[PDB]
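Colleague: As you go down the protein sequences, you meet chains A, B and C in turn. Letter by letter, the first sequence follows residues 63 to 192 in the working numbering. Letter by letter, the second sequence follows residues 63 to 192 in the working numbering. Letter by letter, the third sequence follows residues 63 to 192 in the working numbering.
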Amino acid sequence: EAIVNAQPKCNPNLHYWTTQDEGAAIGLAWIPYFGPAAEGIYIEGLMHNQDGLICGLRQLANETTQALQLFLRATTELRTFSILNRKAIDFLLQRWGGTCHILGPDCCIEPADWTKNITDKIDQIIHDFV
Amino acid sequence: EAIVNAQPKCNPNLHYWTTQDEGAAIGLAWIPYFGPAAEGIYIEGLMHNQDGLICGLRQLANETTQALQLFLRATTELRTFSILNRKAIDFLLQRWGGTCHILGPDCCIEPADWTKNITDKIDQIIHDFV
Amino acid sequence: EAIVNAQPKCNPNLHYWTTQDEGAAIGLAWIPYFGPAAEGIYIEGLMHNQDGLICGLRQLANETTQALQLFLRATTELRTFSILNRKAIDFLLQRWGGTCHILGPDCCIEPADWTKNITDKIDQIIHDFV
Ligand SMILES: *[C@@H]1O[C@H](CO)[C@@H](O[C@@H]2O[C@H](CO)[C@@H](O[C@@H]3O[C@H](CO[C@H]4O[C@H](CO)[C@@H](O)[C@H](O)[C@@H]4O)[C@@H](O)[C@H](O[C@H]4O[C@H](CO)[C@@H](O)[C@H](O)[C@@H]4O)[C@@H]3O)[C@H](O)[C@H]2NC(C)=O)[C@H](O)[C@H]1NC(C)=O
Ligand SMILES: *[C@@H]1O[C@H](CO)[C@@H](O[C@@H]2O[C@H](CO)[C@@H](O[C@@H]3O[C@H](CO[C@H]4O[C@H](CO)[C@@H](O)[C@H](O)[C@@H]4O)[C@@H](O)[C@H](O[C@H]4O[C@H](CO)[C@@H](O)[C@H](O)[C@@H]4O)[C@@H]3O)[C@H](O)[C@H]2NC(C)=O)[C@H](O)[C@H]1NC(C)=O
Ligand SMILES: *[C@@H]1O[C@H](CO)[C@@H](O[C@@H]2O[C@H](CO)[C@@H](O[C@@H]3O[C@H](CO[C@H]4O[C@H](CO)[C@@H](O)[C@H](O)[C@@H]4O)[C@@H](O)[C@H](O[C@H]4O[C@H](CO)[C@@H](O)[C@H](O)[C@@H]4O)[C@@H]3O)[C@H](O)[C@H]2NC(C)=O)[C@H](O)[C@H]1NC(C)=O
Ligand SMILES: NC(=O)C1CCN(CCOc2ccc(-c3[nH]ncc3-c3ccccc3)c(O)c2)CC1
Ligand SMILES: NC(=O)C1CCN(CCOc2ccc(-c3[nH]ncc3-c3ccccc3)c(O)c2)CC1
Ligand SMILES: NC(=O)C1CCN(CCOc2ccc(-c3[nH]ncc3-c3ccccc3)c(O)c2)CC1
Ligand SMILES: NC(=O)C1CCN(CCOc2ccc(-c3[nH]ncc3-c3ccccc3)c(O)c2)CC1
Ligand SMILES: NC(=O)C1CCN(CCOc2ccc(-c3[nH]ncc3-c3ccccc3)c(O)c2)CC1
Ligand SMILES: NC(=O)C1CCN(CCOc2ccc(-c3[nH]ncc3-c3ccccc3)c(O)c2)CC1
Ligand SMILES: *[C@@H]1O[C@H](CO)[C@@H](O)[C@H](O)[C@H]1NC(C)=O
Ligand SMILES: *[C@@H]1O[C@H](CO)[C@@H](O)[C@H](O)[C@H]1NC(C)=O
Ligand SMILES: *[C@@H]1O[C@H](CO)[C@@H](O)[C@H](O)[C@H]1NC(C)=O
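#1: The beta strand (DSSP E) spanning C:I184 covers which residue range?
#2: Indicate whether the contact test is met: 3 or more Cβ pairs, each with one atom in the segment 99-116 of chain C and one in the segment 148-159 of chain B, closer than 8 Å.
#3: Using three-state DSSP, classify A:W92 as helix, strand or coil.
#4: I'd like to confirm the pairing. Which residues does DSSP put opposite A:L108 in its beta bridges?
#5: Assuming B:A136 contacts C:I103 (C-beta within less than 8 Å), just tell me the rounded distance between them.
#6: To which residues of the same chain is C:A87 closer than 8 Å at the C-beta, ignoring the five residues directly before and after it?
#7: How about A:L134 and A:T142: are their beta carbons less than 8 Å apart?
#8: Identify the contact partners of B:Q156 in chain C, using a Cβ-Cβ distance below 9 Å as the criterion.
#9: With DSSP run on the structure shown, which of helix, strand or coil describes C:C162?
#10: Can you list, in chain order, the residues of its chain with a C-beta nearer than 8 Å to that of B:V66? Leave out the 5 residues immediately preceding and following it.
#11: Inspect the beta-carbon positions of A:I187 and A:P173 and report whether they are closer than 8 Å.
#12: Residues of the segment 136-154 of chain A with a CB closer than 9 Å to any CB of chain C: list them in chain order, please.
#13: Grab me the residues of C:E106's own chain with a C-beta within less than 6 Å of its C-beta, minus the 5 sequence neighbours each way, in chain order.
#14: With C:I116 as the anchor, note down where its alpha helix (DSSP H) starts and where it stops.
#15: Quick check on the contact list: which residues have their beta carbon closer than 7 Å to a heavy atom of ligand 7?
#16: Between the Cα of A:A64 and those of A:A99, A:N111, A:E125, spot the shortest distance and give me the residue it belongs to.
#17: Are the Cβ atoms of B:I93 and C:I151 separated by less than 8 Å?
#18: Quick one: what's B:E172 bridged to in DSSP?
#19: Could you check if A:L108 is buried or exposed, using at least 16 other CB atoms within 10 Å of its CB as the buried criterion?
#20: Are any of the Cβ atoms in chain B nearer than 8 Å to that of C:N124?
#21: For ligand 11, I want to know if B:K183 counts as a neighbour, meaning its beta carbon is within less than 7 Å of at least one of the ligand's heavy atoms.
#22: Helix or strand or just coil, what does DSSP make of C:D152?
#23: Around the Cβ of B:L154, are there at least 16 other Cβ atoms within 10 angstroms (buried) or fewer (exposed)?
#24: Consider the Cβ of B:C117: report whether some Cβ of chain A lies at a distance smaller than 8 Å.
#25: Output yes if chain A places a C-beta closer than 8 Å to the C-beta of B:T127; else output no.
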């Protein structure tokens with residue numbers, strides 16, 4: 063489905079915070095005893111509405127809520143951390159949970175370079191037939 | 063292994079309860095503030111002993127207990143939610159954790175339609191050899 | 063990267079403890095009510111420095127700490143149990159997260175026995191051409 067922003071307004075810029083994902087700490091700053099307190103672990107960035115991604119994302123978060131709330135209602139876990147890992151598992155099961163029938167629409171196996179390897183081998187025995 | 067029910071008795075019908083997995087909520091019922099309390103989130107169904115699945119399942123649950131208890135004894139997690147996700151991961155690793163040697167007994171890759179694609183291409187160069 | 067032990071010393075033998083992974087319990091010992099208390103669930107073993115694995119492992123644990131501490135700083139989970147399962151997921155995604163182009167360096171599909179199946183089928187139509 064496409065995402066249709068249907069909110070009263072949209073802030074087209076996203077000034078975000080998160081935790082660092084790349085690069086090493088400086089010196090001993092990685093040691094809990096020496097490093098930042100809880101308030102000082104955040105990085106910041108700014109994203110603009112290229113391709114309408116920001117207004118689309120605001121709408122996406124809004125539309126996700128019902129399914130997410132129903133999921134939380136049905137779980138007995140007090141705090142849920144496993145949603146993305148389960149999505150990754152389901153991604154793999156969708157493609158590799160059954161036998162991969164080559165050339166089928168649900169088998170992500172490309173023998174294109176494998177054809178060029180065998181279609182070039184036709185002249186290996188049919189051309190070399192002295 | 064096959065499942066041999068060895069219990070004193072078997073209730074051949076399973077009147078079960080669980081949480082809903084399909085279909086949307088009605089109106090605002092998905093909102094925690096408005097929706098059912100803890101006691102009202104359950105659906106019910108009834109299953110009969112077709113193929114002996116119910117008596118088999120009672121025996122299966124009984125026989126699972128030792129391995130499950132030994133697993134719980136060895137974990138330090140207070141509440142364990144990850145068993146099924148780990149089974150899914152192990153399902154994928156069993157089939158895709160190594161190189162898939164096509165035509166081997168442990169490689170779930172079907173080139174049957176791939177043969178028909180190349181065995182039909184024999185007359186592409188051997189029949190068209192004017 | 064290779065592992066260079068750069069510690070002041072290395073105990074080349076590893077006298078370890080862990081929990082049992084194989085074989086069934088004896089009699090009723092798997093029942094929590096009857097089985098060992100928390101202190102009695104451990105097995106022990108001894109490993110020597112063949113292939114330098116023990117001194118390498120001491121260095122590996124030391125070198126892992128920075129990345130592990132930075133990971134723990136950034137998580138909101140109070141107790142983290144999911145690291146190995148996430149590694150397994152990432153192992154599968156690295157190999158099977160995209161289309162597998164046969165004969166490419168990132169596609170773990172071996173058609174070697176598949177070649178022998180088709181290269182032996184060359185004389186199925188070219189040799190049998192009466
Ligand atoms: C995802 O995005 C959508 C769209 O932005 C949000 O939709 C909102 O949904 C809520 C309901 O959950 C709406 O709130 C309701 O608005 C009704 C209409 O309000 C107007 O009514 C008067 C009289 O006509 C107008 O003059 C005036 O402009 C008001 O704005 C109210 O009548 C509702 O209040 C009544 O019902 C509630 C129960 O729902 C009672 O508790 C109240 O006491 C009262 O009796 C209610 O407030 C809201 O209007 C919707 N917004 C839009 C733009 O459509 C989603 O909420 C959002 N999802 C999430 C998870 O954020
Ligand atoms: C999976 O399914 C199987 C099969 O249904 C269950 O097997 C039961 O296992 C328990 C043991 O955990 C058995 O309980 C034991 O029964 C012994 C025999 O009881 C009979 O003995 C008298 C005298 O001969 C008979 O006349 C009478 O019919 C009794 O039924 C008892 O002797 C045992 O009690 C003694 O030992 C226990 C320690 O185990 C002490 O605590 C007691 O105080 C007492 O000294 C014990 O009660 C039970 O009989 C088995 N059932 C069957 C049908 O074989 C599994 O339990 C089940 N698994 C799970 C997880 O539920
Ligand atoms: C992985 O393995 C490596 C290598 O074994 C470990 O490296 C150690 O790192 C710590 C720092 O975290 C080092 O400790 C520091 O040592 C400094 C040097 O100590 C020497 O200084 C005097 C004067 O020259 C010498 O005569 C004497 O031999 C001392 O040994 C100290 O100066 C440091 O103390 C000062 O700084 C700290 C802040 O870091 C203050 O808190 C102190 O009060 C003081 O002002 C500090 O003690 C240690 O020397 C390193 N060892 C080696 C062998 O290099 C890693 O720690 C290890 N990783 C983990 C996670 O265990
Ligand atoms: N797997 C793991 O352990 C790690 C652990 C911690 N990581 C945290 C980093 O999460 C993000 C998420 C998003 C962005 C990000 N980039 N650009 C725009 C946005 C952005 C987009 C929408 C709304 C807000 C921000 C980012 O920079 C980092 C996540 C994964
Ligand atoms: N070479 C290709 O694949 C083509 C060419 C380049 N295309 C553009 C991809 O542009 C983005 C934009 C954003 C993020 C991104 N980072 N963090 C958070 C977000 C994010 C934020 C809001 C909404 C969605 C995502 C990103 O990762 C990539 C993709 C297709
Ligand atoms: N992945 C996820 O998030 C969801 C979250 C919540 N879901 C709960 C639904 O679980 C079941 C389990 C079983 C049946 C079920 N159907 N028929 C017979 C039986 C049945 C068989 C044996 C004993 C009792 C009942 C069912 O209807 C639903 C589980 C997965
Ligand atoms: N087309 C095929 O694959 C063939 C043809 C159809 N066969 C029959 C499958 O019948 C069932 C029965 C039950 C459930 C089921 N749902 N929920 C819980 C249970 C469940 C309950 C107790 C014990 C085991 C399972 C199910 O899902 C499917 C399968 C092979
Ligand atoms: N997946 C699961 O549920 C299970 C649950 C519990 N299991 C615990 C067993 O963990 C180990 C780890 C290591 C060894 C082990 N063998 N030889 C040498 C060493 C060893 C090497 C380095 C340092 C110490 C010891 C071992 O015997 C068992 C883990 C997995
Ligand atoms: N046939 C092949 O694959 C070849 C031939 C045989 N080679 C030797 C493998 O030797 C080991 C050594 C150790 C463990 C092991 N167990 N538990 C913990 C540890 C462990 C402890 C410290 C450091 C790393 C690991 C193991 O499992 C296997 C491997 C390649
Ligand atoms: C694939 O092509 C290479 C040449 O790039 C060739 O040497 C090789 O033999 C071909 N593959 C097989 C299985 O013959
Ligand atoms: C597979 O068969 C189709 C005809 O259905 C043919 O057009 C195609 O070329 C074949 N595949 C290859 C790689 O040639
Ligand atoms: C693979 O080789 C076997 C002989 O071991 C042969 O019977 C079979 O037909 C070959 N595969 C195909 C797809 O023809």
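The beta carbon of each residue, even a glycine, is placed where N, CA and C say it ideally should be.
Modeller: To lay it out plainly:
#1: Segment: none, C:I184 is in no beta strand (DSSP E) and carries neither H nor E.
#2: no
#3: coil
#4: A:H77
#5: About 7 Å separates the two Cβ atoms, so the contact holds.
#6: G97
#7: yes
#8: Per Cβ cutoff of 9 Å: no residues; B:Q156 is ~11 Å from chain C at best.
#9: Judged by DSSP in its simplified three-state form, C:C162 adopts strand.
#10: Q121
#11: At least 8 Å separates the beta-carbon of A:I187 from that of A:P173.
#12: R141, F143, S144, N147, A150, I151, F153, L154
#13: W79
#14: 115-136
#15: B:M109, B:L115, B:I116, B:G118, B:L119
#16: A:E125
#17: no
#18: A:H163
#19: exposed
#20: no
#21: yes
#22: Helix, per DSSP.
#23: Buried, since its Cβ has 16 or more Cβ neighbours within 10 Å.
#24: no
#25: no
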